[PDB]
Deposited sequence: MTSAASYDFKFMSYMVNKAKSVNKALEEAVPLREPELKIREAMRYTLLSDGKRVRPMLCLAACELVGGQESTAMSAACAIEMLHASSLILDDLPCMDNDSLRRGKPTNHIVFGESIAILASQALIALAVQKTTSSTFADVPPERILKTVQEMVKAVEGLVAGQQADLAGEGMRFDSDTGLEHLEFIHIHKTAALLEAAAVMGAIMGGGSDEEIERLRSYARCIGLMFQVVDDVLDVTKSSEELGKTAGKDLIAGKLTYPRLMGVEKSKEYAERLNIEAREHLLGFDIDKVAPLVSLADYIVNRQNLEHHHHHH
């Protein structure tokens, strides 16, 4: 389907706004090259793509959220430069053959991740575009830095014995902030009502969660074995239903792309 199309187009459209955000120049230069090595590899720009979406959805236009969108992907890149560190997951190679720190060193990787965190902010914060009331960018950056916090953050509590019979029901409790951010920033920039902004953050959570439920199905703690694939799957579809619910309120003519995104997730 074309949802892939258009989906593909946004991604190409984004990839170009990205390559100009971070060009080649001497000062400083490698940090800029390290930035691109991770930032401009092939990836589904889901996060930025969702930003533009949320913007168009609330009655704005794609280019206004473009630099919000560009930053939310910058934060993404800053994070997994850091996640692939030995201190953290220590994934020697992911997607790319080597990871950033394996090519450039831990020192240079870490630095690059910071340059990228500064840059993202500068861009959303680069005052810009539609000359959206600056009162508004604030909330945008706010929500985007609010993101990096819950990103750092990323059981028990309950127990019962039926006795009818040997039941012993035990309950537990248990990220994807960049996704919510993307959604929210975009809705902000495109001129969103407080309540549309929150509808969209609810949505972003649901599809955030059903991404990894679905990916785990494709295979310490996983999402398999606990419960069941038959179970994990239904879970994911229940989420897809909720995501639809949060889309209720918006004009019917514009929710198509987010309805479709949702479905693209679980339909694998």
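Unmodelled regions (deposited sequence positions with no C-alpha coordinates, counted from 1) are 1 to 8, 163 to 167, 188 to 190, 236 to 254, 304 to 313.
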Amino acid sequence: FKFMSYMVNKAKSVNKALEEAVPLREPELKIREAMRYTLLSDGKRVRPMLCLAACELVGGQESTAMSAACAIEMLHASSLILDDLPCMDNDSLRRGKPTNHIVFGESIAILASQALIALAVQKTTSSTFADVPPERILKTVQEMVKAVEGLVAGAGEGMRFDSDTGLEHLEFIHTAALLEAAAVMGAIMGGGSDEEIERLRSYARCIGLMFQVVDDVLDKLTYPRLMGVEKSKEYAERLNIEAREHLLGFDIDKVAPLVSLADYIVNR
From here on, numbers count along this sequence of modelled residues.
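Look at the mean CA B-factor for 231 to 239 and for 23 to 31 in the entry; the higher one is 23 to 31. Of the two segments examined, 222 to 230 and 55 to 63, it is 222 to 230 that shows the higher average Cα temperature factor in the deposited entry. Listed residues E180, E157, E73, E198 were ranked by CA B-factor as deposited; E157 comes out on top.
When the C-alpha B-factors of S79, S92, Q142, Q114 are read from the PDB record, the largest value belongs to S92. Compared with the other modelled residues of the chain, the Cα B-factor recorded for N9 ranks in the highest third. In the PDB entry, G186 places in the lowest third of its chain by CA B-factor.
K254: CA B factor in the middle third of modelled residues in this chain (values from the PDB entry). When the CA B factors of the chain's modelled residues are split into thirds, the value for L167 lands in the highest one.
Among all modelled residues in its chain, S202 ranks in the lowest third by Cα B-factor.
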